[PDB]
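We place every Cβ from the backbone using ideal geometry, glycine too, and count neighbours over all the protein chains shown. Each answer follows from the model by the rule given with it, or from the source it names; no laboratory read-out is quoted.
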Ligand SMILES: Nc1ncnc2c1ncn2[C@@H]1O[C@H](CSCC[C@H](N)C(=O)O)[C@@H](O)[C@H]1O
């Protein structure tokens, strides 16, 4: 009669909360989705070993089209867990699943976990200064989406930071790198000429948040565009004007050039 | 030797990540602060029992004025952990503490935990649509903070949602309720008269996120301003223009008036 939405956290199998783990262990059935994002620091096998139960993986179609035929029927007479990378319901499509549960007469509860949305606090940038967020999508064929560029423009003009989620082909486990994102943005700039993203733009790259050894780097595009930030996942942030405290953290912790202390504050 | 900043999560001792728990258990000294937020579902004793270590609680003065005199000295020859509610670097000034650690020649690591900043996803509002955030602070003496009103105005004009952290005076055991925040906002509205926050404004309240049964309510200020949302902590949200699915979730899950389903595109 109960469905638990449980977050797995940021990077590996230990990023789930104690609450999430203990509840998952006592569930009769455990399902999981890895299409909204991936858990780069672990494997399905390691998550399964930790929880001590078979993990039934579901595709985007299984969920979006058949959630009520696959998960809810069992949740009706058993305790069922639905694992998701990060924090449940951050992904835009997850919320509606609780309405499906209600419609089916199934109680649902949410067990939170760390999300990249909040983990970016490790960049030293003040969380309250983050504006609207966006996703940088790979252009394909004759389609060249650029809405993320406008998001940066609107946040930056108001002195706000912009969190940029990078494209991920979950199924193929292929990640867009911060370098690729920077090239795209430079390409978009050359087309819109909005003076939003150039070689002189200060950016912050956060890779493998959740790991004990994430890569946190800050600097100008001209210098970071060909830098190796390590294995995925990568997150790109275009900060707005900096509070001196934010700048000092970027210099001392993220290796930012001293120049940001006088150019970006 | 090393210093770990470990988040404890949203509501109780089990909101800590497995990674955080396993590391805390092996530290030589464990310190913590409980003034940045309120964990309403646990006690110091329960946290101490879970980690199996005595926890030395520090006050705001201890941290802000003497972190480098109380904590860092021990981290030079021991493994030390500093625990905090929620995520250690969200809506706190703890990031600066990493700079102090560096200058003291101490390596520091960050272990994330569920944060209210991302847990708001449980309201059904799209996380990427949240703009700049703000804090509603208690007026003191002749000083009456009003910056949060302008943040709402700015976000709303862009169609973005506004997350409002509510004030806390830990040593006095005072936790601002959503009701008190709404009352303060109505007063700022009468002063600035910008039509930003009125009796007809739609708001969302999230109380005790992290618990299995948090209070999630949506409705007009005139109806919710006197409603009992239960024990603190509370967070207040002023949505921008709603997507149809956001409205559906607020109606189905947060008990919002069915009329909001009819969005004015
Ligand atoms: N479980 C919870 N439910 C509702 N609001 C919460 C909450 N935890 C924190 N808050 C809100 O956030 C304020 C503290 S701000 C510090 C937040 C913390 N670092 C985190 O990551 O969550 C509180 O006064 C309250 O308004």
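Can residue B:89 be described as assigned to a loop (DSSP other than H, G, I, E, B), within 16 Å of the ligand (Cβ to nearest atom) and assigned by CATH to the domain that holds residue B:233?
Considered against the rule, which asks whether it is assigned to a loop (DSSP other than H, G, I, E, B), within 16 Å of the ligand (Cβ to nearest atom) and assigned by CATH to the domain that holds residue B:233, residue B:89 comes out as no.
Filter the stretch A:128-147 for residues that are within 14 Å of chain B (Cβ to nearest Cβ) and surrounded by 13 or more Cβ atoms within 10 Å (Cβ to Cβ) and give the result.
Correct list: A:128, A:129, A:130, A:131, A:132, A:133, A:134, A:135, A:136, A:137.
Where the second residue is buried (at least 21 other Cβ atoms within 10 Å of the Cβ) and the first is on the phi > 0 side of the Ramachandran plot and lies in the stretch B:91-103, which pairs have Cβ atoms under 6 Å and are six or more apart or on separate chains?
That search, which allows pairs on different chains as well, returns B:91/A:127; B:91/B:165.
Taking the condition more than 7 Å from every other protein chain (Cβ to nearest Cβ), in a helix (DSSP H, G or I) and within 16 Å of the ligand (Cβ to nearest atom), does residue B:125 pass?
So residue B:125 fails the test.
Answer yes if at least one residue in the stretch B:57-70 is crowded, with 20+ Cβ neighbours inside 10 Å and under 21 Å from residue A:126 (Cα atoms), and no otherwise.
yes
Give me the helices (runs of 4 or more DSSP H) completely within the stretch A:1-71, filtered to those with at least 1 residues that are closer than 21 Å to residue A:169 by Cβ, ordered by residue number.
Output list reads A:44-51, A:60-70.
Listed residues B:212, B:163; which is within 13 Å of the ligand (Cβ to nearest atom), within 14 Å of chain A (Cβ to nearest Cβ) and crowded, with 20+ Cβ neighbours inside 10 Å?
B:163
Any idea which of (1) farther than 21 Å from residue B:55 by Cα; (2) within 8 Å of the ligand (Cβ to nearest atom) is the one residue B:136 doesn't satisfy?
(2)
Just to be sure before I move on: is residue B:180 more than 16 Å from the ligand (Cβ to nearest atom), assigned to a helix (DSSP H, G or I), assigned by CATH to the domain that holds residue B:157 and crowded, with 18+ Cβ neighbours inside 10 Å in the structure I sent?
no
Could you please find all residues in the stretch A:134-152 being more than 14 Å from residue A:183 (Cα to Cα) and either in contact (Cβ under 8 Å) with a residue 40 or more places away in the chain or assigned to a helix (DSSP H, G or I) (or both)?
Correct list: A:147, A:150, A:151, A:152.
Filter the stretch A:229-253 down to the residues that are free of Cβ contacts under 8 Å to residues at least 40 places away in the same chain and under 14 Å from residue A:206 (Cα atoms) and list them by number.
Residue satisfying the conditions is A:230 alone.
How many residues, within the stretch B:82-112, are under 12 Å from the mean Cα position of the chain (by Cα) and within 7 Å of chain A (Cβ to nearest Cβ)?
Number of matching residues: 4.
For the stretch B:1-20, how many residues meet the condition of being over 21 Å from the mean Cα position of the chain (by Cα) and at the interface with chain A (Cβ under 7 Å from one of its Cβ atoms)?
Residues flagged as over 21 Å from the mean Cα position of the chain (by Cα) and at the interface with chain A (Cβ under 7 Å from one of its Cβ atoms) within the stretch B:1-20 amount to 2.
Before we move on, is residue A:79 within 14 Å of chain B (Cβ to nearest Cβ) and within 16 Å of the ligand (Cβ to nearest atom)?
Judged against the criteria, residue A:79 is not a match.
I'd like the residue in the stretch B:197-209 that is touching a residue at least 40 places away in the same chain (Cβ under 8 Å) and either assigned to a helix (DSSP H, G or I) or crowded, with 21+ Cβ neighbours inside 10 Å (or both) and, out of all such residues, is farthest from the ligand (Cβ to nearest atom).
The selected residue is B:197.
Pairs only if they're at least six apart or on different chains, beta carbon under 9 angstrom, first in the stretch A:31-55 and without any contact (Cβ under 8 Å) to a residue 24 or more places away in the chain, second in a strand (DSSP E or B); list them, first residue then second.
A:44/A:32; A:44/A:57; A:48/A:30
So how many residues does the stretch B:21-41 have that are within 11 Å of the ligand (Cβ to nearest atom) and within 14 Å of chain A (Cβ to nearest Cβ)?
Summing the residues that are within 11 Å of the ligand (Cβ to nearest atom) and within 14 Å of chain A (Cβ to nearest Cβ) in the stretch B:21-41 gives 4.
Any idea which residue in the stretch B:217-237 is surrounded by the fewest Cβ atoms within 10 Å (Cβ to Cβ), counting only those that are over 15 Å from the mean Cα position of the chain (by Cα) and part of a strand (DSSP E or B)?
Restricting to residues being over 15 Å from the mean Cα position of the chain (by Cα) and part of a strand (DSSP E or B), the top hit is B:220.
This table checks each residue for (1) away from every other protein chain (no Cβ under 14 Å); (2) touching a strand residue (DSSP E or B) at 6+ places or on another chain (Cβ under 6 Å); (3) farther than 30 Å from residue A:58 by Cβ.
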| site | (1), (2), (3) |
| --- | --- |
| A:179 | yes, no, yes |
| A:188 | yes, no, yes |
| A:208 | no, no, no |
| A:226 | yes, no, yes |
| A:254 | no, yes, yes |
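Name the residue that is nearest to the ligand (Cβ to nearest atom), counting only residues in the stretch B:93-119 that are closer than 15 Å to residue B:39 by Cα and not in a helix (DSSP H, G or I).
If we take residues in the stretch B:93-119 being closer than 15 Å to residue B:39 by Cα and not in a helix (DSSP H, G or I), then B:115 is nearest to the ligand (Cβ to nearest atom).
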